[PDB]
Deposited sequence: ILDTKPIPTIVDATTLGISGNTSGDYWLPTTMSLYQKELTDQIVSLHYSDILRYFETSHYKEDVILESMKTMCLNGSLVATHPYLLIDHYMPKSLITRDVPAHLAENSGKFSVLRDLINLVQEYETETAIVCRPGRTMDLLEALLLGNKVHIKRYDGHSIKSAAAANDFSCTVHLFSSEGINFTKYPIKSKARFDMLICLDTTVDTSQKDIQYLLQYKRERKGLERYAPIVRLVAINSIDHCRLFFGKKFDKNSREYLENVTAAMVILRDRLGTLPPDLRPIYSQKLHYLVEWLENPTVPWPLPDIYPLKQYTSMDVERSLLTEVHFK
């Protein structure tokens, strides 16, 4: 395939009901945004926009949205498991890394800066793996006295700065992972990463099914940019898919239940076709479908 694949991830019960809440919150704003169509007022746009934002955060981790109860330290032994237990995306990642760590490889991961970076690091501390950041920050200053075949490099999707922090790697990235949808693989800094020695490193994007993640990714290759049609299809989908949020299809489940061993072949020959189906398409929902969806809320 295209060297640009998706890796669907589930959603914890908490992640689901969080999203469900986020939607209930913008309930009226949603109906508005779809009623007076095209006219569209700025307040309402910002509402749709931030409802989308908060949905995106929760999709990769609840802590990105709610500090409450976040461990004061992310270093303690138990944290990695706890983080994974609360974000299907993190759980998939961890599963993934449990495989790639066996190999001698440098693997790149791009995600939005800030708390996402920290949580990403914290999650990775549960893996037999070297960790390099490129923002001069970290939660473990100290370096691994250990000997790991696999090193994981954590890059910001929003500007890197390779002159103060260069790639001391001395080897190609065998794979680049998109954690958020904040990642624009077209940008130069990310294009630099992919070509670090075929010409391009495989991209694999972690996406929660039927989540905002799914919406942004699919409509993105069909309406682009900040079109009215993008936001309309994306918001309508997020809201309507809210019920099937983050459940893998029956076909796909065993692969994930099997802790993703299904991917070993492709991991060893990154030239072989991506073993998983292409990003499932999403319907273009109508102002009608959103109303019908939001009703089952109303009593």
List the gaps, meaning deposited-sequence segments with no CA coordinates, ordered along the sequence. 1-21, 219-224, 327-328
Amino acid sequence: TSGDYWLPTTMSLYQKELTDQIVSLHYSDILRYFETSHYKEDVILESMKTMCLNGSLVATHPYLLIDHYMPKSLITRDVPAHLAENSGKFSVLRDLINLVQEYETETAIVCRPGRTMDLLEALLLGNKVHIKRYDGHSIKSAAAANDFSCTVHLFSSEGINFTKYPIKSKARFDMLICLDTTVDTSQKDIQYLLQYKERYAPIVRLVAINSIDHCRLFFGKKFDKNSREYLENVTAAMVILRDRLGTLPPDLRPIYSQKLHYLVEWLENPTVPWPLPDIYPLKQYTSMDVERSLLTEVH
From here on, numbers count along this sequence of modelled residues.
If you average the Cα B factors in the entry, which is higher, 110-118 or 146-154? 146-154
So, looking at the entry's B-factor column for Cα atoms, which has the higher mean, 176-184 or 97-105? 97-105
Highest-ranked of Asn226, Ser73, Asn210, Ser91 once sorted by CA temperature factor in the record: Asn226
Grab the CA temperature factor for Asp29 from the record and place it in the lowest, middle or highest third of its chain. middle
By its CA B factor, does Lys49 count among the lowest, middle or highest third of the modelled residues in the chain? highest
Going by the CA temperature factor in the PDB record, which third of the chain does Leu294 belong to: lowest, middle or highest? middle
Chain-wide C-alpha B factor ranking for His61, given as lowest, middle or highest third: middle
Entry-reported C-alpha B-factor of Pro254 relative to its chain, by third, is middle
